[PDB]
Amino acid sequence: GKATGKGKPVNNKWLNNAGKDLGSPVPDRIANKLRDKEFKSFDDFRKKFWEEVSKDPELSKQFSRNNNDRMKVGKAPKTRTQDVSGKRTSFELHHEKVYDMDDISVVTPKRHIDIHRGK
Amino acid sequence: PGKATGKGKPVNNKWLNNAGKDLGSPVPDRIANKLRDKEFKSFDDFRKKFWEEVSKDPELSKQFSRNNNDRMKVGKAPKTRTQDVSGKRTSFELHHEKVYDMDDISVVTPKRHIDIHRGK
Amino acid sequence: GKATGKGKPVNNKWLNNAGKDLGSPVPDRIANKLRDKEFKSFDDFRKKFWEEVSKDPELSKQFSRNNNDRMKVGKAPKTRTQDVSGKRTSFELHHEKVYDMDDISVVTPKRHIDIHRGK
Amino acid sequence: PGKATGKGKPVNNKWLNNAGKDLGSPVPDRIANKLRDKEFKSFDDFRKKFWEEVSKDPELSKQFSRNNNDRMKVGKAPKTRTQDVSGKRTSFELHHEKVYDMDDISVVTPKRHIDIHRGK
Amino acid sequence: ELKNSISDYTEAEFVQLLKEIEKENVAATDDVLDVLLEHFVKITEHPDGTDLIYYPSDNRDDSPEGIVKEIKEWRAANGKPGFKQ
Amino acid sequence: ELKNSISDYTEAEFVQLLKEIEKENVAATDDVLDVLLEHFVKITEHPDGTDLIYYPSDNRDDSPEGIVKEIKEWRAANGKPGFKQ
Amino acid sequence: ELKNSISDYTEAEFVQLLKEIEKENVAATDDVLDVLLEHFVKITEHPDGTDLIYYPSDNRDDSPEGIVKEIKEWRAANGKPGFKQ
Amino acid sequence: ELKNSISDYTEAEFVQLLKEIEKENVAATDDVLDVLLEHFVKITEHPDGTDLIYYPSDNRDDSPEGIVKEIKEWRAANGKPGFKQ
Ligand SMILES: [Zn+2]
Ligand SMILES: [Zn+2]
Ligand SMILES: [Zn+2]
Ligand SMILES: [Zn+2]
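Here the numbering of residues is sequential along each chain, from 1 in written sequence order, and it may depart from the entry's numbering. Residues without coordinates do not appear. Chain letters and ligand numbers both follow the written order, the letters beginning at A and the numbers at 1. For the side-chain quantities, the full set of heavy atoms in the structure was used; hydrogens and water were omitted.

### Things to note about the coordination of the zinc ion (ligand 3)
Residue and element names in this part refer to chain C. Put simply, the rule is: Water is not among the atoms examined, so metal sites may look incomplete; donors are the N, O and S atoms within 2.8 Å of the metal, or within 3.2 Å for Na, K and Ca. Here's how the labels work: a residue is buried when its accessible area is under 20% of the maximum for its type, exposed when over 50%, partly exposed in between, all with a 1.4 Å probe on protein chains only.
Distances from the zinc ion (ligand 3) to its protein donors, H94 (ND1), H112 (NE2) and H116 (NE2), fall at 2.0 to 2.1 Å. The exposure class of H112 is buried, given its relative accessible area of 12%. You can call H116 exposed: its relative accessible area is 59%.

### Examining the pattern of salt bridges
We count it as follows: Within this document, salt bridges are pairs made up of a side-chain nitrogen of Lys or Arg and a carboxyl oxygen of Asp or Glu, the two lying within 4 Å of each other. The helix count covers DSSP runs of H or I at least four residues long, the strand count covers runs of E at least two residues long, and both are numbered beginning at the N terminus.
A complete count under the given rule lists 90 salt bridges over all chains for this structure. Its salt-bridge partner being E:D51, residue B:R81 comes within 3.6 Å of it at the nearest N-O pair. Taken together, the residues B:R81 in the loop between α4 (66-73) and β4 (93-96) and E:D51 in helix α3 (residues 51-54) connect one chain to another. The exposure class of E:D51 is buried, given its relative accessible area of 5%. Residues C:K75 and H:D30 are paired through a salt bridge, measuring 2.6 Å at the closest nitrogen-oxygen approach.

### So, the arrangement of the chains
We count it as follows: Whether two residues touch is decided by their heavy atoms; if any such pair falls within 4.5 Å, the residues are in contact.
Regarding chain C and chain D, which are not in contact, the minimum distance between any of their C-alpha atoms is 17 Å. These two, chain D and chain H, are apart from each other, with no contact and a minimum C-alpha gap of 13 Å.

### Some remarks on the sheet that holds strand β3 (residues 104-107) of chain C
Residue and element names in this part refer to chain C. Selection rule: Strand pairing follows a simple DSSP-based rule, namely that at least 2 bridges must link the two strands. Here, axes are lines fitted to C-alpha atoms. For helices the fit covers the stretch in contact, and angles between N-to-C directions go from 0 to 180 degrees.
Pairing is antiparallel across the open sheet formed by three strands, whose spatial order is β1-β3-β2. Among the strands making up the open sheet, the edge pair consists of β1 (24-25) and β2 (92-95). Across four bridges, the pairing between β2 and β3 is antiparallel. Bridging across to β3, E92 finds its partner in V107. Taken strand by strand, helix α2 (residues 42-55) contacts β2 and β3, and its axis lies near 125 degrees from that of β2.

Shape descriptors only; they carry no functional weight alone.
Structural data, given as structure tokens:
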């Protein structure tokens, strides 16, 4: 399918509240780079998403050197130790309601589990 | 820390064939001769030296695959068959029946080892 | 282009005389596996050739474990130290007169150089 | 084998900027204080300890790239600029003007180093 | 790179994976090795798993080439997808 | 090699372990990386574990050298053995 | 695997090559490193060669990402083929 | 690490060096392999050099252990220092 949506503007602490509520939204600038693009699967979208993030000066500076390297190859950045859950140690993309960036958010593993659990 | 003692027992071309039964396989006598009166820092040190000597014994080494011989050469226990593993314990272990008395040491699969310590 | 030719039967010492005259010929059994196959370049043919060699029981047994591993991934086996020449340390394929296996032979680097030199 | 001696000289934020001229750059005084009276097995040992100390000096480390700081941290000389290399010699070298006298030791590029020893 | 299906591996690439396992075989610990072995068991899907590596049948060669050949024949015999080609 | 404690690692050796982790960070998957990370967490014994690598304090350099410095100061402040010297 | 042209490398793969170089940077010797550096200079074709790695301009980030970005811009500016896409 | 002489390598460490060479044998190119091979030739000082690896004598096993045995016996027969022990 194709990526659609506008996303939202974010500050210098974009994923600051990824472990609360529904997490952080897709940054508008990132949505502008992925919009109207086709992806074989959501996993492909996830990979492209993170790669785009590492190319955005304002967002990349919000991550350590090791996490930027991960995003650069399409992998999700590692979360803080306190936010992991078992072997799930990297940020995950949650579908609120599959390429509608306005229905996608970035959440920590711990929060992601709580969401689908009613919390 | 201590010295290795014991004579071990004679073995054939199927040394570990019964490592999954009873008390397992004994320390081969040829191997005991090479380790006797040798001093070791710890039992783990003995274990490494043990497997290394096994890799150098022509008759014993031929009983293992190329990949298993490489393991023993660096002092690591050979991998057991899939059917003899127990969780993350996938290599032969050394069991003490009664610390460096080679006559009280035997080789057992992890599966069998666990049952030995649980009265089986 | 396509590979053509019959090659020739070889003994248990196929490359025994790769450092003499025009070297060793393409084994007939190997020619039977490559005949009528297309290759983007000679380098592609070279890679396929060596891979085929490692699959031939009678030929592979003529090489050490380390050399079989090389051929298995399409690389030429290393020659004996005495047969190398500078950085050329692996058997090379010589064109006698580019996919005619009957015009191709296996030679050592040292011999290959001497051939194109009139020796 | 011997002890490091010498006081070295003060340096600025462009320490190796002239490593490709004259006798090169001197051993920084702060670095000399950390190596003075220290015993080394060989000069090569001194060289490693030298670069390692450089990687720990805030003012000096900031003068190098991330990749060069990693080299110095393990005791390897930093890579020079492409224009200052000489064949396979691609890292800064230590030159003795007159073995562990830090006041007779300087840092030079391989290119410059070669010319120094050829009366240039 | 560790794929997730035999169909992603050419025979050559699989040999590289086997070589990586041989290198870890001689490493100080089995930490990395065991992870590479789990991956091997997962993608091969052969019931005997690591036995293909450490306990090869006598009717075949104890080598990377022999391992690939046996997997290839076993998978084909069971209708499963083969190495990338 | 993957030692058992910080006392078995010289500062340089620890840096090599960090660069191995940096290499796995960019690998296709995290299979090997996560094993190296568990090992790092285990031997450092720092309560923040991997955060030392992925969420460095602003009071120090985000680099192998900075990571070693923080671990060094923390282990000293807590009377734990330091790197081999 | 070491290709022979930038056009064979995706930006991600090139980063992996840069990580391999960083690992050898901290290795005991430069034997392997220097071979990886020659390859880098060869495929990039940038006049300053290894300077992109060890002496990055201040107008760009000293990181694998910065290195790839500068190569990408320099190659495009000179009409040379870019990273695989 | 790549030591300078056989005396710096324990038998096990030398085997690890051989498995690294086995891994490079199957790599896409021989860039890294040939550097490891030169190092092997240099430290062993055996007149047949790489032949020990690619053309093993029929009087011994074609394996890392067999290679170490031959080197060991040759260096002893020539009054040269042996592996670290
Ligand atoms: Zn969800
Ligand atoms: Zn027991
Ligand atoms: Zn020719
Ligand atoms: Zn000089």
